[PDB]
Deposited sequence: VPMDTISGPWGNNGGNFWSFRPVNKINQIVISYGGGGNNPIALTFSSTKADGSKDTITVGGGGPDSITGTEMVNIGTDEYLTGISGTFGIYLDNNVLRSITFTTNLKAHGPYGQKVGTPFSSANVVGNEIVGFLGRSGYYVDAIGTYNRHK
């Protein structure tokens, strides 16, 4: 049984594995921030079905950390995710996701968070049809599922 090509994951081995590849396009992403600054702590990916129901996952933000702010990625009708990039660095003695950018066929959304630490970038070829990685209190790792 064939399975979608994984790019990455990028990051480290903390937290718990997570995966989300819905059968319908991911049209909305919420970046949750903590600590009063631009510190990403959680990601929500959602895909709205024709009937009004949503496929959704939230990863990271597994702790008591108060959500202090959110940013959103809105993916339009003739828009689709093509690439991701960002940085992994230290947030409160944790090597985690520090910034993230979501590229579509139409624009780059972001940067979301703080451009600090070790950078990573997906291969510029392609459609991103899902995400996977590791998370706990924050986002420990992230990669993509891909289909050309």
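- Unmodelled regions (deposited sequence positions with no C-alpha coordinates, counted from 1) are 126 to 127, 151.
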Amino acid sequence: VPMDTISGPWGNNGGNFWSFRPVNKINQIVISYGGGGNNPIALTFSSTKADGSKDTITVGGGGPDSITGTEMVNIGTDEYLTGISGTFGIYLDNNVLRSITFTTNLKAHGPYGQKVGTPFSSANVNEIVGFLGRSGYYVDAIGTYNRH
From here on, numbers count along this sequence of modelled residues.
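- The stretch 6 to 14 shows the higher mean C-alpha B-factor when 6 to 14 is compared against 131 to 139 in the entry.
- For the pair 33 to 41 and 53 to 61, the mean B factor over Cα atoms is greater in 33 to 41.
- Highest C-alpha temperature factor among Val96, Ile100, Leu92, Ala108, as the PDB entry reports it: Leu92.
- Annotation for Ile26: C-alpha temperature factor in the middle third relative to the rest of the modelled chain, per the entry.
- Ranked against the other modelled residues of its chain, the C-alpha B-factor of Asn126 as given in the entry falls in the middle third.
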